[PDB]
There are 2 protein chains.
Amino acid sequence: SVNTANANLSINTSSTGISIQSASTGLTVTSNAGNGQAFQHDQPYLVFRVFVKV
Amino acid sequence: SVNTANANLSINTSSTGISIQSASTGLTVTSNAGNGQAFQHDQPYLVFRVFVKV
């Protein structure tokens with residue numbers, strides 16, 4: 001009878017060569033930035049008085 | 001006695017089944033864009049002469 005035995009085997013390392021495709025963040029628009037509140041402006045003025053003739 | 005020998009062995013290729021987890025681009029705000037200064041504006045404008053009665 002041929003007695004049982006096992007071949008002495010060992011594997012060596014290798015690099016999978018994995019690769020990554022190109023993707024996108026998917027961002028389509030930034031958030032808003034602005035209130036648009038009422039803004040005060042006055043032209044160069046001088047104050048007078050007005051009298052109606054009677 | 002049986003003379004030594006080596007088994008006929010071959011390793012088949014296999015994909016590693018790698019998956020890429022989710023991530024964010026990491027940025028939160030853009031850069032300052034506007035430039036603040038004053039510009040000139042005047043309403044519809046006509047000149048007169050002012051005489052004070054003395």
# chains A, B, ... in the order shown; residues from 1 in each chain; ligands from 1
call {"tool": "interface_residues", "arguments": {"of": "chain B", "to": "chain A", "cutoff": "8 Å", "atoms": "only C-alpha atoms", "output": "PyMOL selection string"}}
result
chain B and resi 6-7+15-16+24-25+42
call {"tool": "calpha_fit_and_write", "arguments": {"fixed": "chain B", "moving": "chain A", "output": "compact mmCIF listing (two decimals) with N, CA and C atoms, in the first residue's frame"}}
result
# COMPACT_ATOMS: atom_id res chain seq x y z
N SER A 1 13.55 3.33 -2.02
CA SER A 1 13.31 4.72 -1.70
C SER A 1 12.36 5.32 -2.72
N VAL A 2 11.36 6.05 -2.23
CA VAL A 2 10.43 6.77 -3.10
C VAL A 2 11.13 8.05 -3.55
N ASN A 3 11.39 8.16 -4.85
CA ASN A 3 12.10 9.32 -5.35
C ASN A 3 11.23 10.56 -5.27
N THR A 4 11.88 11.71 -5.16
CA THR A 4 11.17 12.97 -4.99
C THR A 4 10.45 13.36 -6.28
N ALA A 5 9.28 13.97 -6.13
CA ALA A 5 8.50 14.44 -7.27
C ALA A 5 7.50 15.47 -6.77
N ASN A 6 6.90 16.19 -7.72
CA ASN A 6 5.99 17.28 -7.41
C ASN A 6 4.70 17.13 -8.18
N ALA A 7 3.58 17.32 -7.49
CA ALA A 7 2.28 17.27 -8.14
C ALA A 7 2.12 18.44 -9.10
N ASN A 8 1.60 18.16 -10.29
CA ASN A 8 1.43 19.18 -11.32
C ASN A 8 0.19 19.98 -10.99
N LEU A 9 0.38 21.18 -10.46
CA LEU A 9 -0.70 22.01 -9.96
C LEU A 9 -0.69 23.36 -10.65
N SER A 10 -1.88 23.88 -10.95
CA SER A 10 -2.03 25.19 -11.57
C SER A 10 -3.32 25.81 -11.06
N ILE A 11 -3.25 27.08 -10.68
CA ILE A 11 -4.41 27.79 -10.16
C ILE A 11 -5.12 28.51 -11.30
N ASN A 12 -6.44 28.65 -11.17
CA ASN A 12 -7.25 29.37 -12.14
C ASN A 12 -7.62 30.74 -11.58
N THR A 13 -7.87 31.68 -12.49
CA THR A 13 -8.12 33.05 -12.09
C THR A 13 -9.46 33.18 -11.37
N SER A 14 -9.58 34.22 -10.56
CA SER A 14 -10.84 34.57 -9.93
C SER A 14 -10.87 36.07 -9.71
N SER A 15 -12.09 36.60 -9.57
CA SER A 15 -12.30 38.02 -9.31
C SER A 15 -12.46 38.22 -7.81
N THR A 16 -11.72 39.18 -7.26
CA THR A 16 -11.71 39.38 -5.82
C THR A 16 -13.05 39.86 -5.28
N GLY A 17 -13.93 40.36 -6.14
CA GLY A 17 -15.17 40.95 -5.66
C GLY A 17 -14.94 42.16 -4.79
N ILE A 18 -13.89 42.93 -5.06
CA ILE A 18 -13.59 44.10 -4.26
C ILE A 18 -14.72 45.11 -4.42
N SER A 19 -14.95 45.90 -3.37
CA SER A 19 -16.03 46.88 -3.39
C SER A 19 -15.53 48.19 -2.78
N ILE A 20 -16.14 49.28 -3.22
CA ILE A 20 -15.77 50.63 -2.81
C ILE A 20 -16.95 51.25 -2.09
N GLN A 21 -16.73 51.72 -0.87
CA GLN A 21 -17.80 52.38 -0.13
C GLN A 21 -18.05 53.77 -0.71
N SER A 22 -18.95 54.50 -0.06
CA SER A 22 -19.31 55.85 -0.48
C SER A 22 -18.57 56.85 0.40
N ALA A 23 -17.86 57.77 -0.23
CA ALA A 23 -17.15 58.82 0.48
C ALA A 23 -17.67 60.18 0.03
N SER A 24 -17.11 61.22 0.63
CA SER A 24 -17.47 62.59 0.33
C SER A 24 -16.21 63.40 0.08
N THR A 25 -16.32 64.39 -0.81
CA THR A 25 -15.17 65.25 -1.09
C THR A 25 -14.77 66.07 0.12
N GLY A 26 -15.66 66.22 1.10
CA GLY A 26 -15.37 67.00 2.28
C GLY A 26 -15.52 68.49 2.10
N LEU A 27 -15.87 68.95 0.90
CA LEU A 27 -16.04 70.37 0.66
C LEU A 27 -17.15 70.93 1.53
N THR A 28 -16.86 72.04 2.21
CA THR A 28 -17.80 72.66 3.12
C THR A 28 -18.21 74.06 2.71
N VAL A 29 -17.41 74.76 1.91
CA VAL A 29 -17.72 76.12 1.52
C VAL A 29 -16.90 76.45 0.27
N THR A 30 -17.50 77.23 -0.61
CA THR A 30 -16.79 77.76 -1.77
C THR A 30 -16.01 79.01 -1.39
N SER A 31 -15.10 79.41 -2.27
CA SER A 31 -14.35 80.63 -2.02
C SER A 31 -15.22 81.85 -2.29
N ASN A 32 -14.82 82.98 -1.71
CA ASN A 32 -15.57 84.21 -1.89
C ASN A 32 -15.47 84.71 -3.33
N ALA A 33 -16.45 85.52 -3.71
CA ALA A 33 -16.46 86.15 -5.04
C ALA A 33 -17.21 87.48 -4.91
N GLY A 34 -16.46 88.56 -4.78
CA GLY A 34 -17.05 89.88 -4.70
C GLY A 34 -16.16 90.89 -4.02
N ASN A 35 -16.11 92.11 -4.57
CA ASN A 35 -15.26 93.17 -4.05
C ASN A 35 -16.02 94.15 -3.17
N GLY A 36 -17.27 94.47 -3.50
CA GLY A 36 -18.02 95.43 -2.72
C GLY A 36 -17.44 96.82 -2.73
N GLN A 37 -17.01 97.29 -3.90
CA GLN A 37 -16.43 98.62 -4.01
C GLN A 37 -17.52 99.68 -4.04
N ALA A 38 -17.10 100.93 -3.89
CA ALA A 38 -18.03 102.05 -3.94
C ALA A 38 -18.70 102.13 -5.30
N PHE A 39 -19.99 102.44 -5.30
CA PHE A 39 -20.81 102.43 -6.50
C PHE A 39 -21.47 103.79 -6.66
N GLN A 40 -21.37 104.36 -7.86
CA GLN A 40 -21.81 105.72 -8.13
C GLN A 40 -23.24 105.72 -8.67
N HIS A 41 -24.10 106.53 -8.06
CA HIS A 41 -25.48 106.65 -8.49
C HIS A 41 -25.96 108.08 -8.27
N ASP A 42 -26.72 108.60 -9.24
CA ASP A 42 -27.27 109.95 -9.17
C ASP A 42 -28.72 109.94 -9.62
N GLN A 43 -29.54 110.69 -8.92
CA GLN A 43 -30.96 110.79 -9.21
C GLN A 43 -31.19 111.81 -10.33
N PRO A 44 -32.33 111.72 -11.02
CA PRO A 44 -32.63 112.71 -12.06
C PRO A 44 -32.68 114.11 -11.47
N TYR A 45 -31.77 114.96 -11.92
CA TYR A 45 -31.60 116.28 -11.33
C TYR A 45 -31.56 117.35 -12.40
N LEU A 46 -31.86 118.58 -11.97
CA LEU A 46 -31.65 119.78 -12.76
C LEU A 46 -30.93 120.80 -11.89
N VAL A 47 -29.98 121.52 -12.48
CA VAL A 47 -29.12 122.42 -11.73
C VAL A 47 -29.73 123.81 -11.71
N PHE A 48 -29.82 124.40 -10.52
CA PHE A 48 -30.33 125.75 -10.32
C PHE A 48 -29.29 126.59 -9.58
N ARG A 49 -29.63 127.85 -9.37
CA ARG A 49 -28.84 128.76 -8.55
C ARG A 49 -29.69 129.25 -7.39
N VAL A 50 -29.04 129.52 -6.26
CA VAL A 50 -29.73 130.03 -5.09
C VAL A 50 -29.09 131.35 -4.67
N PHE A 51 -29.93 132.36 -4.46
CA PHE A 51 -29.49 133.68 -4.02
C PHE A 51 -30.14 134.02 -2.69
N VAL A 52 -29.33 134.45 -1.74
CA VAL A 52 -29.82 134.89 -0.44
C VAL A 52 -30.24 136.34 -0.53
N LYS A 53 -31.42 136.65 -0.01
CA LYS A 53 -31.90 138.03 -0.02
C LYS A 53 -31.11 138.87 0.97
N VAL A 54 -30.69 140.06 0.53
CA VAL A 54 -30.06 141.02 1.42
C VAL A 54 -30.55 142.42 1.09
